[PDB]
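Each remark here refers to the structure printed beneath this line.
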Ligand code: CLA
Ligand code: CLA
Ligand code: CLA
Ligand code: CLA
Ligand code: CLA
Ligand SMILES: CC1=C(C/C=C(\C)CCC[C@H](C)CCC[C@H](C)CCCC(C)C)C(=O)c2ccccc2C1=O
Ligand code: SF4
Ligand code: SF4
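Chains as they are written, first to last, in the deposited numbering: chain AD, 64 to 204; chain AH, 51 to 145; chain AL, 61 to 217; chain AI, 3 to 35; chain AF, 68 to 220; chain AA, 9 to 750; chain AC, 2 to 81.
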């Protein structure tokens with residue numbers, strides 16, 4: 064699927080907190096989540112406090128992926144809205160992150176490939192003596 | 051547009067969104083008198099070179115420290131005085 | 061009376077009456093830590109003078125031989141030693157942070173958003189100038205307060 | 003000057019050598035080739 | 068007289084300990100009226116002390132230089148009553164317990180949810196199983212010979 | 009309006025739920041798959057907010073549970089009054105309350121424990137108690153074991169009454185949420201009726217019983233030939249001869265001629281010199297005035313009629329200079345969260361317990377309490393520990409509110425949101441002031457140790473050295489020593505004698521509170537106290553504020569209040585939960601209260617408690633060594649811990665052998681706790697699975713599968729044994745020392 | 002950063018993915034189980050290491066398996 068192309072949409076009504084983007088946004092990547100709220104309502108944002116998300120499109124810039132996905136799961140489970148967040152490096156190159164196929168990762172969409180997948184039971188891994196003095200570990204054959 | 055109503059994600063102006071503002075950095079010009087400034091700029095330039103300042107501070111601090119400790123008479127610090135008392139015997143004679 | 065930082069409510073701070081008052085923003089902008097336009101050496105001299113002029117107080121009036129005759133004469137040497145420690149500290153900080161020639165890592169723009177010139181203090185040569193200024197001004201202030209403690213008559217601390 | 007030698011070396015190993023080692027190892031800690 | 072220990076009926080330090088404790092009790096007995104109840108309790112404690120020391124005298128306890136009954140647990144018959152005759156009396160009783168609680172665990176092993184009888188003990192079943200461990204040593208012996216003592220996995 | 013609002017027979021009284029264990033929840037009312045089931049049964053036993061998700065059933069449960077607790081407290085009181093009746097030397101203590109140790113416990117002579125029955129005095133062999141109950145009973149004018157026996161039967165009656173009341177208010181006729189949620193009536197009644205009329209009726213007891221009997225006992229009277237209280241009520245000539253103010257009657261009261269009632273309701277400040285307690289005339293006037301105060305205070309909130317205040321009406325209309333637009337929604341969270349109310353009430357109840365300790369050591373209200381040094385030490389130590397524990401519980405329940413009973417959607421508050429928003433500023437500045445306090449108190453102690461060890465006592469922080477004098481507390485002592493002459497002229501003497509003056513109320517060969525001086529060591533240890541308190545507040549407030557989300561775990565409220573971790577990721581999240589923060593704040597409350605009671609015991613044993621000679625010079629227990637030894641940690645180790653713990657090692661033999669024993673065992677259990685705090689469940693589960701192999705090899709495999717303790721349960725067992733062992737060590741130490749010296 | 006390797010004992014219950022707070026995991030089609038799906042792990046560079054994936058894996062020991070490894074700023078749970 065094509066990504067959703069993060070626009071300059073508005074943000075929630077928040078009075079400011081001490082949970083924002085300190086330096087991991089200035090020099091490293093920071094994150095941004097966008098959700099379409101059917102109505103204006105209050106929600107507990109993951110950086111501490113309580114914001115009021117607006118009707119229609121909302122946009123909230125967060126410091127790490129766990130904040131974004133925690134807020135997204137609370138949105139999808141409590142307000143039942145469809146979230147999708149990105150990762151914006153300090154030079155640009157906004158990376159589409161969460162669904163990665165349009166459908167949520169709990170659904171087995173075709174096309175996504177098997178990466179990080181061993182075709183063996185967990186106790187058939189060789190011992191560390193087999194992979195000693197080799198850059199590989201006991202779980203990468 | 052960062053200056054819109056509750057828009058804080060202008061992607062080309064990513065310094066205002068990341069929080070790259072100088073909270074207190076004033077670009078106001080030199081406040082000191084230029085002659086005082088020239089005096090300090092000429093008299094402190096020898097300390098500007100870092101690799102020659104680290105070496106200088108090491109070999110000057112260690113020198114002053116190993117010197118002022120050496121020529122410290124027995125009035126500043128008592129470790130260089132001595133016992134200045136008859137040494138008392140230990141338990142069990144001395145052992 | 062409290063306001064989110066620069067209007068942006070998702071940066072980790074707040075415009076309070078403590079960090080955003082005009083008295084504070086005048087005080088904390090016109091002191092040598094934030095004189096971003098002047099070269100780092102003069103403001104470093106100011107910082108060193110302000111930190112060496114007072115550091116002699118604790119060493120001279122609370123030192124190990126403050127109650128003896130070498131109270132100021134040794135406390136001032138101790139303060140000069142702490143200045144020679146801290147100039148070394150700033151030196152190794154500037155060496156580990158900024159290597160030799162990179163541009164400034166400082167905040168580029170101001171609060172309003174105008175394209176302020178980057179602070180040269182956060183450069184290698186700039187912080188080196190700041191180290192030299194701190195060392196010179198610190199020994200200067202230590203010796204000046206040593207001069208004043210025995211010249212000028214005070215009831216002391 | 004042999005009772006003065008502790009006064010030379012105890013600072014030089016205990017104050018000066020620790021400053022040297024701490025500075026040098028802090029530079030080695032933050033170096034980047 | 069084994070291990071360089073005089074017997075306690077002959078040890079002077081043992082009698083001195085007796086007299087010291089008795090004087091320590093009598094010095095607390097003077098503060099009370101001779102017919103009062105604290106005084107009678109102290110006197111009962113005094114007779115208890117005296118017959119305790121007499122019984123440690125007559126039962127072959129050995130007293131050291133400190134003057135305290137030492138236990139010779141090696142195997143000398145004269146002192147089996149110090150360790151082995153109690154010890155068997157332990158291994159019986161202890162082996163009663165383990166032979167009971169094991170047998171119970173085998174009797175509630177074949178239930179549907181056998182964990183709700185661990186926390187809620189079947190008192191009839193436990194009372195039937197408790198006296199099975201009276202003569203437990205022959206049951207454990209035979210179950211060792213029959214192989215029923217060790218599970219075969 | 010405020011109706012009765014109860015329902016009949018909500019829950020059927022039966023033993024069916026006694027049979028099936030763990031009935032109260034979904035995951036426990038199945039049976040034990042493992043042995044963790046038992047621990048989770050007891051852990052969630054009183055977690056009523058987890059059993060049923062409605063405030064009605066929760067509120068009924070906690071109401072009847074409070075009735076059970078009241079039945080237990082009445083049963084315990086019945087026990088104490090009864091042990092004071094039949095197993096005590098209370099008469100012999102009344103005859104000579106200076107050389108007869110208060111004893112109300114006798115042991116059975118079975119295995120040599122009869123030596124714990126000590127020569128306490130009075131022809132009685134028993135355990136010297138330290139609860140000060142004898143002092144309460146002399147403050148009540150008891151003077152007979154019949155009265156203690158009948159009030160013990162009355163407390164048993166009240167225990168049965170409270171148990172029946174809990175049964176009735178759960179199983180037969182239980183209130184519903186409209187009864188609990190109304191709080192204007194609850195406050196009005198608990199103020200005017202519980203605390204107002206309670207103090208009124210206690211003042212009535214004192215005016216009619218305690219004052220005459222205590223005046224007789226102070227004048228010198230055998231408690232057997234003392235007139236009974238009902239003789240003071242009925243025979244007017246008797247009480248009138250005690251106080252002629254009674255001869256006029258209540259026409260002094262109703263004509264507002266109270267000036268003639270100043271024979272038995274005096275404002276006589278200070279302590280009673282004859283007995284060392286406070287003046288019971290002053291205490292009767294106190295409880296009377298407190299009754300008037302709480303009676304006019306309990307008519308403040310609007311319940312059913314037009315007059316009064318609405319707590320909602322107050323809080324939603326309380327604008328002010330600093331965030332007064334808030335305070336809206338607090339009536340919602342406090343009337344819909346038992347955990348919020350439990351947190352607030354525990355905070356203030358524990359702080360009141362600490363206030364109680366601090367005001368009972370210094371203004372000893374009972375007669376012959378100040379000279380029973382075991383009673384004073386035990387009371388201060390006890391109520392200090394109780395206050396610290398209750399404050400740490402305030403933390404736990406603030407956290408449980410923050411996780412479970414916090415919904416910004418429905419129940420929103422401006423102030424709590426503003427606190428959660430800048431919570432990092434809170435915890436950062438509190439961490440800073442904790443570091444600052446740790447340095448400029450304990451580092452002062454370390455400087456003192458180093459200087460005294462380097463032979464530089466001129467460089468220490470002491471009175472004979474660099475002086476850090478508490479100028480502010482010294483100024484307060486100077487004022488309150490001079491307060492009753494100018495600022496409070498109604499008082500003939502100061503409220504307390506800890507301030508200053510030529511006042512030393514000795515009752516016998518014992519001091520009872522001379523003026524406590526404040527030197528450099530008192531500055532140092534008070535800043536240690538501020539330090540330990542600030543670190544406890546750091547840990548606890550941090551767990552409270554970060555109970556929901558953080559920069560580390562932004563979904564912590566979904567993990568729960570009481571969870572171990574969120575795995576070794578993010579570097580590690582081992583003690584990230586708010587439960588883990590109260591678990592650490594328990595250790596810091598322990599450190600805080602232990603150094604508090606150490607300060608107390610040493611300061612009193614060095615500067616206050618002692619003997620008074622026939623020449624008029626006081627000889628203290630330790631001998632005034634607090635100003636010179638309590639500046640160094642070596643002095644606390646030497647002049648306090650090593651020196652005062654001589655009576656607990658020489659305790660063996662004399663009655664105090666138990667205190668000797670409870671020393672070492674307490675020393676053990678503390679260390680036994682270190683098996684739990686240091687370790688982790690994985691090692692113990694693997695050891696247990698090896699032992700389970702050893703059990704499968706003998707057909708003795710259990711069906712309740714042996715599992716190592718939960719991680720949170722390992723931490724709970726650890727902090728539990730740690731507090732028990734440390735506190736019992738200190739209890740044995742304190743009681744042995746102070747019963748063997750004063 | 003970390004190394005979240007999964008094994009073929011997975012049954013396709015989709016609980017490891019529904020517990021993952023960083024979208025490391027995602028169900029793919031597969032033919033080795035009744036549910037005909039298995040849980041891949043493309044975004045291992047986003048893994049914090051919280052092991053909620055394997056505290057929700059209902060196998061005899063485990064199918065999803067987190068091996069802690071080189072810790073980056075994303076794997077050290079750092080918002081700064
Ligand atoms: C932390 C508590 C503490 C304190 C208060 C002291 C205090 C002192 N020590 Mg001790 N010491 C301590 C801990 C402490 N020590 C510990 C823990 C150890 C062993 C590990 C020692 C071991 C020790 C030795 C062996 C010796 C001392 C000595 C001294 C004295 C001289 C210190 C010195 O050189 O001045 C230098 C002091 C400074 C540079 C302090 C500057 C701080 C300024 C005042 C802060 C101002 C902040 C300001 C208010 C900020 C806001 C305003 C701003 C915005 C402008 C002094 C009395 C010496 C002695 O014997 O003399 C009596 C000595 O020989 N100390
Ligand atoms: C004998 C009379 C009786 C009977 C048959 C019942 C029967 C029942 N009650 Mg009721 N109840 C009673 C008296 C009775 N109750 C009284 C007197 C009170 C007031 C305290 C209550 C208060 C009460 C509440 C608040 C609740 C129940 C509930 C229940 C049900 C569950 C019982 C259970 O599993 O707990 C059995 C538990 C025990 C036997 C433990 C006894 C604990 C006592 C009170 C304290 C003892 C503490 C001890 C002194 C300290 C420990 C010392 C130790 C370390 C040595 C069941 C229908 C629950 C219910 O139906 O809700 C779902 C419920 O929530 N009861
Ligand atoms: C003026 C009347 C009055 C009085 C005296 C009290 C007193 C008390 N209430 Mg309150 N309460 C009142 C009115 C009153 N309440 C009203 C109107 C409501 C509804 C809004 C409540 C709702 C309420 C709750 C929800 C709870 C209490 C609790 C308590 C007890 C707290 C424990 C304590 O301090 O122990 C001091 C102990 C005593 C003074 C001993 C008590 C002995 C007497 C017999 C009972 C007090 C009178 C009482 C109201 C019963 C009246 C007669 C009854 C037959 C109807 C205390 C006994 C708590 C408690 O402990 O639960 C049981 C609790 O959870 N009350
Ligand atoms: C008014 C007082 C009060 C009240 C009503 C409550 C009520 C509650 N607390 Mg809170 N709490 C309090 C005080 C209070 N607590 C204090 C003072 C502290 C500080 C220690 C705490 C700390 C605390 C924590 C940290 C937690 C609770 C939890 C709970 C809930 C369940 C407790 C449970 O089921 O355990 C039932 C009872 C037990 C398991 C018995 C505990 C055994 C104690 C600790 C041993 C000590 C006994 C004795 C002194 C030692 C000698 C014993 C001897 C036999 C050897 C319940 C809502 C839990 C909760 O809500 O989590 C969801 C929870 O995690 N509380
Ligand atoms: C004696 C044991 C000990 C010590 C020294 C500490 C020390 C500390 N704890 Mg810890 N803690 C301990 C046991 C201890 N803890 C235990 C057993 C627990 C069990 C639960 C905890 C739990 C715990 C928690 C949960 C918290 C702390 C906190 C703190 C800090 C508060 C004080 C502070 O920083 O002031 C200054 C430092 C001290 C007072 C420590 C002693 C240093 C002395 C004064 C002298 C220093 C000399 C100097 C630096 C020279 C060094 C030598 C040189 C060669 C470099 C500090 C790091 C709090 C914290 O970190 O936040 C503020 C906090 O929240 N602790
Ligand atoms: C010692 C220890 C254990 C092992 C502790 C055990 C499993 C708990 C103690 C259980 C008791 C001994 C069970 C026996 C009591 C039964 C009720 C049986 C009674 C029958 C007779 C024994 C009377 C942990 O599981 C643990 C977990 C996490 C951190 C630290 C630790 C830790 O330190
Ligand atoms: S060590 Fe224990 S508490 Fe820490 S992360 Fe691992 S499981 Fe969690
Ligand atoms: S939790 Fe385990 S079994 Fe379930 S989908 Fe993930 S890997 Fe497969």
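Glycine included, every Cβ here is placed at the ideal spot set by N, Cα and C.
From the listed residues 417(AA), 350(AA), 16(AA), 313(AA), the smallest Cα separation to residue 196(AA) is found for 313(AA). Take the alpha-carbon of residue 130(AA) and the one of residue 601(AA): they are about 36 Å apart. With respect to chain AF, the C-beta atom of residue 122(AA) has a partner C-beta closer than 9 Å.
One thing to note: residue 520(AA) has its Cβ no nearer than 9 Å to the Cβ of residue 277(AA). According to the DSSP assignment, residue 183(AA) belongs to the beta strand (DSSP E) that extends over 181-183. With respect to the 9 Å criterion, residue 338(AA) and residue 405(AA) are not classified as neighbours on the basis of their beta carbons. When 175(AF), 184(AF), 138(AF), 200(AF) are compared, the shortest CA-CA separation from residue 165(AF) is found for 200(AF). Ranked by Cα distance from residue 168(AF), the options 191(AF), 196(AF), 144(AF) are led by 196(AF).
A distance criterion of 8 Å places the beta-carbon of residue 641(AA) beyond contact range of ligand 5, judged by its closest non-hydrogen atom.
The beta-carbon of residue 712(AA) is placed less than 9 Å from the nearest beta-carbon of chain AF. In the DSSP assignment, residue 86(AH) falls within the unbroken alpha helix (DSSP H) covering 84-93. When Cβ pairs closer than 8 Å are counted between the two stretches, the region 546-564 of chain AA is seen not to touch the region 634-652 of chain AA, the count staying below three.
A distance criterion of 8 Å places the beta-carbon of residue 90(AD) beyond contact range of ligand 6, judged by its closest non-hydrogen atom.
Under the three-state reduction of DSSP, residue 73(AF) is assigned to strand. DSSP, read as helix, strand or coil, puts residue 71(AH) in strand.
In the three-state reduction of the DSSP assignment, residue 130(AH) falls in the helix class, which pools H, G and I. Distance between residue 144(AF) and residue 152(AF), taken at the CA atoms: about 10 Å.
Look at residue 22(AI): its beta carbon is at least 8 Å from all of the heavy atoms in ligand 5.
In this model, residue 630(AA) and residue 742(AA) are separated by some 14 Å (Cα to Cα). Judged by DSSP secondary structure, residue 16(AA) falls within the beta strand (DSSP E) whose first and last residues are 14-16.
Spatial neighbours of residue 178(AD) in its own chain (CB-CB distance under 7 Å, excluding positions within 5 residues in sequence) are not present.
Residue pairing by DSSP puts residue 28(AC) in a beta bridge opposite 40(AC). Relative to ligand 6, even the nearest heavy atom lies 8 Å or more away from the CB of residue 40(AA).
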